[PDB]
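Listing of structure-v9.txt; format and content: compact mmCIF, C-alpha atoms and all ligand atoms.
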# COMPACT_ATOMS: atom_id res chain seq x y z
CA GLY T 1 17.27 164.85 -7.48
CA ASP T 2 19.45 161.89 -8.45
CA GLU T 3 22.94 161.28 -7.01
CA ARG T 4 24.24 159.30 -10.01
CA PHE T 5 23.07 161.86 -12.60
CA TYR T 6 24.79 164.76 -10.81
CA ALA T 7 27.94 162.78 -9.94
CA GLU T 8 28.37 161.13 -13.37
CA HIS T 9 26.86 163.62 -15.84
CA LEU T 10 25.86 167.13 -14.66
CA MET T 11 28.89 168.04 -12.53
CA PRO T 12 31.60 166.59 -14.81
CA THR T 13 29.96 168.43 -17.76
CA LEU T 14 29.84 171.64 -15.72
CA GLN T 15 33.52 171.17 -14.73
CA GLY T 16 34.37 170.67 -18.43
CA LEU T 17 32.58 173.82 -19.62
CA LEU T 18 33.56 176.42 -17.00
CA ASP T 19 36.60 177.34 -14.94
CA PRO T 20 36.17 176.74 -11.15
CA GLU T 21 35.45 180.36 -10.23
CA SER T 22 32.87 180.69 -13.04
CA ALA T 23 31.23 177.44 -11.90
CA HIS T 24 31.15 178.81 -8.33
CA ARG T 25 29.55 182.11 -9.46
CA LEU T 26 26.89 180.33 -11.54
CA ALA T 27 26.15 177.98 -8.62
CA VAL T 28 25.57 180.90 -6.22
CA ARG T 29 23.29 182.44 -8.88
CA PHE T 30 21.31 179.21 -9.44
CA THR T 31 21.01 178.54 -5.70
CA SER T 32 19.91 182.11 -4.90
CA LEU T 33 16.99 181.73 -7.33
CA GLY T 34 16.05 178.33 -5.87
CA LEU T 35 16.67 176.36 -9.08
CA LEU T 36 17.68 173.09 -7.41
CA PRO T 37 16.86 169.36 -7.61
CA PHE T 38 15.04 163.91 2.33
CA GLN T 39 12.78 164.32 5.39
CA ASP T 40 14.85 165.15 8.50
CA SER T 41 14.17 162.70 11.33
CA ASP T 42 14.28 163.63 15.03
CA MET T 43 17.49 161.55 15.33
CA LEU T 44 19.33 164.30 13.46
CA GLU T 45 18.22 167.20 15.69
CA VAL T 46 20.98 168.86 17.75
CA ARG T 47 20.63 171.52 20.45
CA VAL T 48 23.85 173.60 20.77
CA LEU T 49 25.06 177.22 20.81
CA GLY T 50 21.68 178.27 22.26
CA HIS T 51 19.79 176.94 19.24
CA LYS T 52 17.99 173.94 17.75
CA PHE T 53 19.50 172.55 14.54
CA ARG T 54 17.05 170.32 12.64
CA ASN T 55 20.02 168.40 11.17
CA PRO T 56 23.78 168.71 11.87
CA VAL T 57 24.93 169.27 8.24
CA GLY T 58 25.80 172.86 7.33
CA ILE T 59 27.26 174.65 4.34
CA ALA T 60 30.80 175.83 5.18
CA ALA T 61 31.90 179.46 4.79
CA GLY T 62 33.28 180.37 1.37
CA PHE T 63 30.45 179.17 -0.86
CA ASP T 64 28.11 182.05 -0.06
CA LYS T 65 30.65 184.75 0.79
CA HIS T 66 28.24 187.68 0.46
CA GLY T 67 24.95 186.27 1.86
CA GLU T 68 23.25 185.91 -1.55
CA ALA T 69 21.95 182.34 -1.45
CA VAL T 70 20.95 181.62 2.16
CA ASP T 71 17.36 180.55 1.40
CA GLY T 72 18.39 178.40 -1.56
CA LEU T 73 20.92 176.69 0.72
CA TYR T 74 18.22 175.80 3.30
CA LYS T 75 16.15 174.46 0.38
CA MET T 76 19.14 172.26 -0.54
CA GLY T 77 18.68 170.56 2.85
CA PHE T 78 21.42 172.14 5.00
CA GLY T 79 20.53 172.27 8.71
CA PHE T 80 22.35 175.58 9.04
CA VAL T 81 24.00 178.14 6.77
CA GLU T 82 27.25 180.01 7.30
CA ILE T 83 27.97 183.02 5.07
CA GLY T 84 31.29 184.83 4.65
CA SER T 85 34.02 185.52 5.21
CA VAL T 86 32.90 189.17 5.18
CA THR T 87 35.43 192.00 5.46
CA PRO T 88 34.64 195.50 6.84
CA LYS T 89 35.26 197.33 3.54
CA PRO T 90 34.62 195.83 0.09
CA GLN T 91 37.72 194.30 -1.54
CA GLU T 92 38.46 192.33 -4.71
CA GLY T 93 40.68 189.53 -3.35
CA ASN T 94 43.57 187.96 -5.29
CA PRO T 95 43.99 188.15 -9.07
CA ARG T 96 42.49 185.33 -11.20
CA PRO T 97 42.93 182.40 -11.48
CA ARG T 98 42.61 181.76 -7.75
CA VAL T 99 40.59 178.51 -7.60
CA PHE T 100 41.83 175.14 -8.85
CA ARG T 101 40.25 171.69 -8.99
CA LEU T 102 42.17 168.49 -8.28
CA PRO T 103 39.66 165.91 -9.59
CA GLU T 104 42.03 162.93 -9.07
CA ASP T 105 42.18 163.87 -5.36
CA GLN T 106 38.57 165.01 -4.90
CA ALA T 107 40.22 168.22 -3.73
CA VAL T 108 40.25 171.96 -4.42
CA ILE T 109 42.94 174.59 -3.91
CA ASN T 110 41.84 178.20 -3.47
CA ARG T 111 43.55 181.54 -2.89
CA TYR T 112 40.56 183.90 -3.10
CA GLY T 113 42.04 186.27 -0.49
CA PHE T 114 38.76 187.41 1.09
CA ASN T 115 36.94 188.75 -1.98
CA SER T 116 34.04 190.46 -0.21
CA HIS T 117 31.14 192.82 -0.88
CA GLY T 118 31.88 194.25 2.59
CA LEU T 119 29.85 194.66 5.78
CA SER T 120 27.43 197.36 4.56
CA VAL T 121 26.26 195.39 1.49
CA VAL T 122 25.90 192.13 3.44
CA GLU T 123 24.10 193.97 6.30
CA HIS T 124 21.40 195.27 3.95
CA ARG T 125 21.10 191.92 2.17
CA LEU T 126 20.49 190.19 5.54
CA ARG T 127 18.18 192.96 6.80
CA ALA T 128 15.91 192.37 3.76
CA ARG T 129 15.12 188.88 5.12
CA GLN T 130 15.81 189.37 8.86
CA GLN T 131 12.31 188.36 10.03
CA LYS T 132 12.24 185.43 7.61
CA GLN T 133 15.52 184.28 9.22
CA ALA T 134 14.10 184.76 12.73
CA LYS T 135 11.35 182.25 11.84
CA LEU T 136 13.84 179.87 10.16
CA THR T 137 16.06 179.93 13.27
CA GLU T 138 13.06 179.24 15.56
CA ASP T 139 12.23 176.35 13.18
CA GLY T 140 15.73 174.89 13.72
CA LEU T 141 17.60 176.43 10.77
CA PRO T 142 20.17 178.86 12.28
CA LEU T 143 22.41 181.34 10.44
CA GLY T 144 26.13 181.85 11.02
CA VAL T 145 28.15 184.85 9.88
CA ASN T 146 31.87 184.46 9.31
CA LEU T 147 34.05 187.58 9.81
CA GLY T 148 37.32 188.35 8.05
CA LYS T 149 39.66 191.31 7.92
CA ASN T 150 40.73 193.68 5.14
CA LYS T 151 44.10 193.19 3.43
CA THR T 152 45.27 196.76 4.16
CA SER T 153 43.90 197.09 7.71
CA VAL T 154 46.32 198.37 10.37
CA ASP T 155 44.19 197.13 13.28
CA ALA T 156 43.02 193.50 12.96
CA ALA T 157 41.00 193.56 16.19
CA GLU T 158 39.04 196.62 15.04
CA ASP T 159 38.10 194.87 11.78
CA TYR T 160 36.57 191.97 13.74
CA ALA T 161 34.98 194.41 16.21
CA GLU T 162 33.28 196.24 13.33
CA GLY T 163 32.03 192.88 12.01
CA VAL T 164 30.52 192.06 15.42
CA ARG T 165 28.77 195.44 15.62
CA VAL T 166 27.37 195.38 12.07
CA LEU T 167 26.47 191.70 11.48
CA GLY T 168 26.31 190.38 15.04
CA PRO T 169 22.70 191.60 15.39
CA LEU T 170 21.75 189.55 12.29
CA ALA T 171 23.51 186.29 13.20
CA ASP T 172 22.80 183.29 15.40
CA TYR T 173 26.53 182.79 15.63
CA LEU T 174 29.62 184.70 14.57
CA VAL T 175 32.90 183.20 13.40
CA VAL T 176 36.19 184.92 14.11
CA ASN T 177 38.10 183.58 11.13
CA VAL T 178 41.77 183.64 12.06
CA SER T 179 42.71 180.67 9.83
CA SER T 180 42.61 181.73 6.18
CA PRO T 181 45.94 180.79 4.58
CA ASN T 182 45.38 183.52 1.96
CA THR T 183 45.78 186.73 3.96
CA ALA T 184 49.35 187.62 5.00
CA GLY T 185 49.92 187.46 8.76
CA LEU T 186 46.33 186.40 9.52
CA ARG T 187 47.15 182.97 10.99
CA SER T 188 49.53 184.61 13.49
CA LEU T 189 46.37 185.89 15.25
CA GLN T 190 45.97 182.25 16.41
CA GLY T 191 48.96 182.76 18.74
CA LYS T 192 48.13 182.90 22.47
CA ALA T 193 48.71 186.61 23.24
CA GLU T 194 47.26 187.87 19.92
CA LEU T 195 44.21 185.62 20.22
CA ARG T 196 43.46 186.58 23.83
CA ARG T 197 43.61 190.30 23.00
CA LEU T 198 41.51 189.85 19.85
CA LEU T 199 38.85 187.65 21.45
CA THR T 200 38.57 189.85 24.58
CA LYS T 201 37.68 192.77 22.30
CA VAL T 202 35.33 190.66 20.17
CA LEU T 203 33.50 189.29 23.24
CA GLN T 204 33.18 192.75 24.83
CA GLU T 205 31.61 194.07 21.60
CA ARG T 206 29.28 191.04 21.41
CA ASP T 207 28.22 191.42 25.07
CA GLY T 208 27.28 195.04 24.31
CA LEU T 209 24.56 193.98 21.87
CA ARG T 210 20.91 193.77 22.97
CA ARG T 211 19.95 190.30 24.20
CA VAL T 212 17.83 189.12 21.22
CA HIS T 213 20.62 190.31 18.91
CA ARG T 214 23.46 188.67 20.86
CA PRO T 215 25.17 185.88 18.85
CA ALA T 216 27.35 183.01 20.01
CA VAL T 217 31.02 183.59 19.14
CA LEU T 218 33.19 180.85 17.64
CA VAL T 219 36.83 180.82 16.51
CA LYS T 220 37.73 179.06 13.26
CA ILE T 221 41.17 177.45 13.35
CA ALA T 222 43.71 175.97 10.91
CA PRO T 223 44.48 172.25 10.46
CA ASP T 224 48.19 173.21 10.43
CA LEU T 225 48.71 174.13 14.09
CA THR T 226 51.49 172.85 16.32
CA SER T 227 50.61 170.96 19.50
CA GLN T 228 51.63 174.12 21.39
CA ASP T 229 49.29 176.28 19.25
CA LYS T 230 46.38 173.94 20.03
CA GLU T 231 47.16 173.91 23.79
CA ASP T 232 47.23 177.71 23.78
CA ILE T 233 43.96 178.06 21.84
CA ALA T 234 42.26 175.63 24.22
CA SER T 235 43.55 177.64 27.21
CA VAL T 236 42.32 181.01 25.83
CA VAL T 237 38.92 179.57 24.82
CA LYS T 238 38.38 178.29 28.38
CA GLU T 239 39.73 181.47 30.00
CA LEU T 240 37.42 183.76 28.00
CA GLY T 241 34.33 181.55 27.71
CA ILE T 242 34.41 181.38 23.91
CA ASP T 243 31.19 179.66 22.78
CA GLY T 244 32.74 177.22 20.32
CA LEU T 245 35.31 176.29 17.71
CA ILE T 246 35.17 175.66 13.99
CA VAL T 247 37.67 172.95 13.07
CA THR T 248 39.13 173.27 10.49
CA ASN T 249 39.93 175.75 7.73
CA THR T 250 41.88 174.66 4.62
CA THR T 251 45.46 173.30 4.81
CA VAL T 252 48.68 174.82 3.47
CA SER T 253 50.13 171.29 3.64
CA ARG T 254 50.33 169.16 0.52
CA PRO T 255 49.91 165.56 1.73
CA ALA T 256 52.04 162.92 0.05
CA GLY T 257 50.01 161.22 -2.68
CA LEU T 258 48.24 164.19 -4.31
CA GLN T 259 47.77 163.41 -8.02
CA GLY T 260 46.15 166.58 -9.42
CA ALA T 261 48.30 168.46 -11.94
CA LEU T 262 47.53 171.62 -9.95
CA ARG T 263 48.72 170.27 -6.56
CA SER T 264 51.57 172.79 -6.27
CA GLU T 265 49.36 175.88 -6.69
CA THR T 266 49.57 178.29 -3.74
CA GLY T 267 46.53 178.33 -1.46
CA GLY T 268 44.35 176.36 0.93
CA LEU T 269 43.74 172.71 0.12
CA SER T 270 40.24 171.33 0.84
CA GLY T 271 38.27 168.09 0.28
CA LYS T 272 39.29 164.47 0.81
CA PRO T 273 43.07 164.96 1.42
CA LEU T 274 42.11 167.31 4.30
CA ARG T 275 39.52 164.98 5.86
CA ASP T 276 41.45 163.02 8.49
CA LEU T 277 43.82 165.88 9.34
CA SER T 278 40.67 167.83 10.24
CA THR T 279 39.12 164.92 12.15
CA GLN T 280 42.29 164.53 14.23
CA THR T 281 42.28 168.29 14.99
CA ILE T 282 38.66 168.01 16.20
CA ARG T 283 39.70 165.03 18.35
CA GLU T 284 42.59 166.98 19.93
CA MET T 285 40.55 170.18 20.53
CA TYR T 286 37.66 168.21 22.10
CA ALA T 287 40.08 166.52 24.54
CA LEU T 288 41.91 169.77 25.37
CA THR T 289 38.56 171.48 26.17
CA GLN T 290 37.20 168.48 28.12
CA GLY T 291 34.20 168.13 25.77
CA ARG T 292 32.80 171.37 27.21
CA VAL T 293 33.23 173.57 24.12
CA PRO T 294 30.97 172.91 21.08
CA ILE T 295 32.90 172.10 17.90
CA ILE T 296 31.75 172.47 14.32
CA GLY T 297 33.73 169.88 12.35
CA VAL T 298 34.72 170.75 8.77
CA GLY T 299 37.05 169.36 6.15
CA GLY T 300 36.58 166.58 3.60
CA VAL T 301 33.03 165.56 4.57
CA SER T 302 31.43 163.79 1.60
CA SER T 303 29.46 160.94 3.25
CA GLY T 304 27.59 159.80 6.36
CA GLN T 305 30.73 158.04 7.58
CA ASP T 306 32.78 161.23 7.16
CA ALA T 307 30.15 163.13 9.21
CA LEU T 308 29.93 160.49 11.94
CA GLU T 309 33.71 160.21 12.29
CA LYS T 310 33.89 163.93 13.07
CA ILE T 311 30.89 163.68 15.43
CA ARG T 312 32.39 160.70 17.33
CA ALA T 313 35.69 162.63 17.44
CA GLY T 314 33.89 165.51 19.20
CA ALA T 315 31.94 167.62 16.68
CA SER T 316 28.37 168.64 17.62
CA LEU T 317 27.78 169.81 14.04
CA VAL T 318 29.56 169.36 10.71
CA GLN T 319 29.94 171.41 7.52
CA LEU T 320 30.90 170.64 3.94
CA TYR T 321 31.77 172.66 0.87
CA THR T 322 34.21 170.89 -1.49
CA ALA T 323 32.01 167.74 -1.78
CA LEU T 324 29.21 169.94 -3.19
CA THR T 325 31.55 170.99 -6.02
CA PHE T 326 32.11 167.35 -7.03
CA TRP T 327 28.74 165.68 -6.37
CA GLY T 328 26.31 168.61 -6.50
CA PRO T 329 23.24 169.22 -4.24
CA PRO T 330 22.33 165.49 -3.89
CA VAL T 331 25.36 165.06 -1.58
CA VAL T 332 23.45 166.87 1.21
CA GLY T 333 20.60 164.32 1.37
CA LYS T 334 23.12 161.52 0.85
CA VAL T 335 25.21 162.58 3.87
CA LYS T 336 22.09 162.89 6.06
CA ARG T 337 20.60 159.54 4.94
CA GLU T 338 23.90 157.70 5.46
CA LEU T 339 24.47 159.40 8.84
CA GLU T 340 21.00 158.36 10.07
CA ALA T 341 21.59 154.74 8.98
CA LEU T 342 25.00 154.64 10.67
CA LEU T 343 23.69 156.08 13.95
CA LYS T 344 21.06 153.29 14.03
CA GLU T 345 23.63 150.66 13.09
CA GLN T 346 25.98 151.77 15.90
CA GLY T 347 23.31 151.90 18.65
CA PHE T 348 23.03 155.68 19.00
CA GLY T 349 19.58 157.11 19.76
CA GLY T 350 20.58 160.27 17.88
CA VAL T 351 23.41 162.62 16.85
CA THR T 352 23.62 163.98 20.42
CA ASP T 353 24.45 160.52 21.81
CA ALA T 354 27.32 160.11 19.32
CA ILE T 355 29.03 163.47 20.06
CA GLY T 356 32.49 162.61 21.39
CA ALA T 357 31.69 158.87 21.61
CA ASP T 358 35.29 157.89 20.68
CA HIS T 359 36.62 159.55 23.84
CA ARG T 360 34.40 157.39 26.09
CA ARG T 361 35.35 153.94 24.78
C1 LIG R 401 36.60 178.11 -2.57
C2 LIG R 401 36.77 178.15 -1.08
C3 LIG R 401 36.58 179.36 -0.40
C4 LIG R 401 36.57 179.39 1.00
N1 LIG R 401 36.37 180.59 1.68
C5 LIG R 401 36.34 180.62 3.06
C6 LIG R 401 36.13 181.82 3.75
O1 LIG R 401 35.77 182.83 3.13
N2 LIG R 401 36.12 181.82 5.14
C7 LIG R 401 36.31 180.63 5.84
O2 LIG R 401 36.29 180.62 7.06
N3 LIG R 401 36.51 179.45 5.16
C8 LIG R 401 36.53 179.43 3.79
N4 LIG R 401 36.73 178.24 3.11
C9 LIG R 401 37.08 177.01 3.89
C10 LIG R 401 35.85 176.14 4.15
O3 LIG R 401 34.90 176.88 4.88
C11 LIG R 401 36.21 174.86 4.90
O4 LIG R 401 36.75 175.18 6.18
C12 LIG R 401 37.23 173.99 4.13
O5 LIG R 401 37.08 174.15 2.73
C13 LIG R 401 37.13 172.51 4.51
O6 LIG R 401 35.86 171.98 4.18
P1 LIG R 401 35.60 171.13 2.82
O7 LIG R 401 36.71 170.13 2.63
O8 LIG R 401 34.25 170.46 2.94
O9 LIG R 401 35.59 172.09 1.66
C14 LIG R 401 36.74 178.21 1.72
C15 LIG R 401 36.93 177.01 1.04
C16 LIG R 401 36.94 176.97 -0.35
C17 LIG R 401 36.84 175.62 -1.00
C1 LIG R 402 34.57 176.71 -5.77
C2 LIG R 402 33.23 176.10 -6.19
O1 LIG R 402 32.10 176.47 -5.53
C3 LIG R 402 33.15 175.10 -7.34
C4 LIG R 402 34.34 174.72 -8.03
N1 LIG R 402 35.29 174.41 -8.57
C5 LIG R 402 31.81 174.48 -7.79
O2 LIG R 402 31.81 173.67 -8.71
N2 LIG R 402 30.73 174.85 -7.09
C6 LIG R 402 29.47 174.45 -7.31
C7 LIG R 402 28.55 174.43 -6.25
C8 LIG R 402 27.22 174.06 -6.45
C9 LIG R 402 26.79 173.69 -7.73
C10 LIG R 402 25.45 173.39 -8.01
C11 LIG R 402 25.05 172.43 -8.95
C12 LIG R 402 23.69 172.24 -9.20
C13 LIG R 402 22.72 173.02 -8.57
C14 LIG R 402 23.12 174.00 -7.66
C15 LIG R 402 24.47 174.19 -7.40
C16 LIG R 402 27.69 173.74 -8.80
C17 LIG R 402 29.02 174.11 -8.59
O1 LIG R 403 40.87 182.87 0.17
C1 LIG R 403 39.87 182.94 0.93
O2 LIG R 403 39.03 183.85 0.85
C2 LIG R 403 39.78 181.88 1.99
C3 LIG R 403 40.09 180.59 1.59
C4 LIG R 403 40.07 179.57 2.54
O3 LIG R 403 40.34 178.41 2.18
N1 LIG R 403 39.75 179.86 3.81
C5 LIG R 403 39.46 181.12 4.18
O4 LIG R 403 39.16 181.32 5.38
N2 LIG R 403 39.47 182.14 3.28
Starting from the coordinates I provided, produce the structure as structure tokens.
Amino acid sequence: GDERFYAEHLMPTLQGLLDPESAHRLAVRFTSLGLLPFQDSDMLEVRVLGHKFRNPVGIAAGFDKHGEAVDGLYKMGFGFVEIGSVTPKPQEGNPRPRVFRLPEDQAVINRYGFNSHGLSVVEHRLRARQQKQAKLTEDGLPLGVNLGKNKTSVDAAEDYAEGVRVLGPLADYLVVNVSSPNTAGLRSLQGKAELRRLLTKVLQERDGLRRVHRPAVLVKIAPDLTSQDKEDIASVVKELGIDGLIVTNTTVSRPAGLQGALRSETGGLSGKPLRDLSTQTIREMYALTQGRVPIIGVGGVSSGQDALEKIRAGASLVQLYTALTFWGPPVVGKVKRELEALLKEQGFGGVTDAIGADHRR
């Protein structure tokens, strides 16, 4: 496993031979079979959400939408895996092309639209390795399951409720994904009244599961929220005792300076141009929740510094996806190695010590 080789030769050649969706599909395939190219120190261990995480670097939702490559992803060095988004019924998503690379920006735009094998398929896939996962979790490698809703559903809350009932028993944590920019009307569920109603139902359904099968519940939010939106989300989270937040999904904004020819494609923008917008959203949400609500920080993480900035801003854990598509699997070890070195350099005894450090200076 060599960073230079992947960054300079393998990935650019892959990007030059296949379209983005094809590259994604082949990657899931390769990862699922364990055809892949760092020893986690105690400094990187985090205890949150009722679990030990051997390192704080996870794979973000969207890469493994259907739970096909979980074990290969742990082998890649991720401290936790999130699969999904999964919808109740199977659905195809948007017509192709629906994924676009912006190499000049180290960015991606996608409009997949919740292409999903559906709950039943994912349920059986996870059941086939349920005890293996139980041991992985105990060993500090938890599993998250990200829930979406069907395009033609009349009752959004019931979609998420069904997700809780079916995949909740198989997950260490669940994500109520109300932040995809690619499903019409979905982001409106972030509004105060809609969110409270939705999350009340979700939490009731979760509380009804047997104790060993009872996951933490997190809400994944957009980077495009107004100050009022963020205030309201913070209020509802505290009112209902939501276990955590995932911050953030992709942006519908197109920051000044984007160079990629494909910058004006419809969809969610990810990668470097999203990075600081996400970090600032983490920072705001941490403050609004008084540091009492665990945050998983996501968006434009490609290095140790990127990870630590989100951690200092208030994230207990981080995730990446887009960086993997540019630098390949070696980015995981790179992020962890750089993060460890930076923690030492900045006087932190571990990740835990650095969580929210910016707010205390
Ligand atoms: C191709 C693609 C598909 C994605 N699909 C999902 C999804 O199904 N559910 C979800 O919550 N986030 C999804 N995401 C968003 C990521 O989980 C993450 O929040 C975002 O991409 C920012 O992280 P990054 O810059 O490291 O990619 C997707 C992102 C991309 C790149
Ligand atoms: C949307 C998406 O996943 C991509 C694009 N564009 C993409 O390139 N993904 C990807 C992710 C991982 C890998 C990879 C490369 C080597 C070994 C295992 C996996 C290759 C490609
Ligand atoms: O299109 C999707 O499936 C999707 C894309 C994205 O960026 N975020 C998300 O939650 N879903």
One number please: atom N1 of ligand LIG 403 (chain R) to atom CA of residue 188 of chain T, in Å, one decimal.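 Atom CA of residue 188 of chain T lies 14.6 Å from atom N1 of ligand LIG 403 (chain R).
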All residues within 10 Å of ligand LIG 403 (chain R) are required, counting all atoms listed in the file; please report them as a ChimeraX atom specification. /T:60-63,65,84-86,93-94,98-99,108-116,146-148,176-183,186-187,220-222,248-252,267-270
For segment 224-240 of chain T, find every residue with an atom within 7 Å (counting all atoms listed in the file), except residues of its own chain fewer than 2 positions away, and show them as a PyMOL selection string. chain T and resi 191-192+196+222+242+251+285+288-289
Could you name the residues that touch residue 194 of chain T at 10 Å or less, counting all atoms listed in the file, but leaving out those on the same chain fewer than 5 positions away, as a PDB file with C-alpha atoms, in the frame of the given file?
ATOM      1  CA  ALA T 156      43.020 193.500  12.960  1.00  0.00           C
ATOM      2  CA  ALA T 157      41.000 193.560  16.190  1.00  0.00           C
ATOM      3  CA  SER T 188      49.530 184.610  13.490  1.00  0.00           C
ATOM      4  CA  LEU T 189      46.370 185.890  15.250  1.00  0.00           C
ATOM      5  CA  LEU T 199      38.850 187.650  21.450  1.00  0.00           C
TER       6      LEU T 199
END
Record the distance separating atom CA of residue 294 of chain T and atom CA of residue 133 of chain T, expressed in Å with one decimal.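 Separation between atom CA of residue 294 of chain T and atom CA of residue 133 of chain T: 22.6 Å.
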